[PDB]
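As structure tokens, one chain now follows by itself in the form deposited in one PDB entry.
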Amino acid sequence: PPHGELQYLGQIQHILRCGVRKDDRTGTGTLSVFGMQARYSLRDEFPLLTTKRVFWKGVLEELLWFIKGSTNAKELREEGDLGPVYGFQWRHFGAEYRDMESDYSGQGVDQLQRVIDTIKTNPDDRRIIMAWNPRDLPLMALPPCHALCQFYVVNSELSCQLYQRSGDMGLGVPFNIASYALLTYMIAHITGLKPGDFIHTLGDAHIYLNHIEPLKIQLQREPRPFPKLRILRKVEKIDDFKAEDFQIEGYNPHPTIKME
């Protein structure tokens, strides 16, 4: 059966051939297509892309920081306090922010624990849903999310669909595919399920004009078999995962590509 990374390369090729010129926020140029989806199995493999070396260690450490609900940039204005932003929404959505050293237990909606609790109380549930760009929060009332992850459970397999309103294909998409797939493994481990599929849907799927040439070269590379992800200890709670619990194996990517 075809390697799932072929989906990604195919999407790159489509944006190159068929994308239309469109400006971002800063007035920087992209090639853009509206509406795209790909599925990556998580069964006995882990979709760390192989056509370029993906920064696995950084994927892991940023996710653990999000999970912790941190607003202290330094854990990753002067003192490094980011305000009520990032994993603060995953773990304390809607709580009055005081400071990045304050204690927020029982304050706001914990979307993450809520997902895990529903998986356990009603696995059939169609509402197992959990992110905002920080810049958007004070910009308006009811500001639209950046990403929504929906989880789905059947035959003791956990699957995840991540819909992002925009996706930077060269830089963000690979990092995200690994990030939400890692989260899916974490939650599946703690709820006693097996990972199933990861589905990535995007609104404005785009390539920055600058990335066109390195991406053309990336396309001429052939995917190697996806690695495996091995969780090394039995872990009970989401907040208890540690970077040293995860081991990637059989990962043989092509060389790094630096994209602007």
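Numbering starts at 1 and follows the sequence shown. Note that the rigid core is defined as the largest set of C-alphas that superpose within 1.5 Å between two forms.
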{"query": "Residue 80 dropped in a third or more of the other entries", "finding": "yes"}
{"query": "Deposited residues omitted from coordinates between residue 137 and residue 138, as a class", "finding": "none"}
{"query": "Count class of deposited residues lacking coordinates, residue 130 to residue 131", "finding": "1 to 3"}
{"query": "Stretch exceeding the other in mean C-alpha B-factor - 145-153, 92-100", "finding": "92-100"}
{"query": "Segment of higher mean CA temperature factor, 7-15 or 20-28", "finding": "20-28"}
{"query": "Out of 72, 176, 164, 161, highest CA B-factor residue", "finding": "72"}
{"query": "Third of chain Cα B-factors occupied by residue 170", "finding": "lowest"}
{"query": "Modelled-residue ranking by C-alpha temperature factor, third containing residue 124", "finding": "lowest"}
{"query": "Residue 85, C-alpha B-factor rank within chain (lowest, middle or highest third)", "finding": "highest"}
{"query": "Where the record places residue 76 (Cα B-factor, split into thirds across the chain)", "finding": "highest"}
{"query": "Ranked against its chain, the third holding the CA B-factor of residue 44", "finding": "highest"}
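Below: the form deposited in another entry, not depicted.
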item	value
Which one of 184, 164, 89, 71, by Cα shift of 2 Å or more between the shown form and the other one, core superposed	71
Shift of residue 145 between the shown form and the other one at or above 2 Å (CA, core fit)	yes
Threshold 2 Å Cα movement between the shown form and the other one at residue 103, rigid core reference	yes
Core-aligned C-alpha movement of residue 27 between the shown form and the other one, 2 Å or more	yes
Direction of C-alpha distance change in that other deposited form, residue 139 to residue 21 (at least 3 Å)	farther
Closer or farther in that other deposited form: C-alpha pair residue 136, residue 36 (3 angstroms or more)	farther
